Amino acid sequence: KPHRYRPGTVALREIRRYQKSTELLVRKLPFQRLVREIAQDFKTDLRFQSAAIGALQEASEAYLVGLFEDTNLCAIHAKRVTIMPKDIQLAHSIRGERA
């Protein structure tokens, strides 16, 4: 034909999949590099315990996952289903992260 899922169907397949699992979703080595880059621009010659990087990734992903729930609510409140920077900014603002 070839067969083809309608737009929206694989997206719901993926919500169900990643809401079922708990594994980290950002790749380890790239994230370790981001952390060492931010760290270095704050103090030089720093070393990291591996569990320290792992703790930061766990927290960073729990934060972003939690923010996208709030963002999704703001999109739906606007009668959309597409999250946009307006929504992240509105979520962030009400969260009191930055009013």
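We number the residues from 1 along the sequence you see.
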Study note, to complete from the structure: Between 41-49 and 56-64, the record assigns the higher mean Cα B factor to 41-49
Check your understanding: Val10: which third of its chain by C-alpha temperature factor?
Key -> highest
Practice item. Compare the C-alpha B factor of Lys28 with those of the other modelled residues in its chain, then answer lowest, middle or highest third. Key: highest
Practice item. Classify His77 as lowest, middle or highest third according to the C-alpha B-factor given in the PDB entry, relative to its own chain. Key: middle
Exercise for review: Could you say whether, by C-alpha temperature factor, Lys86 belongs to the lowest, middle or highest third of its chain?
Suggested key: highest
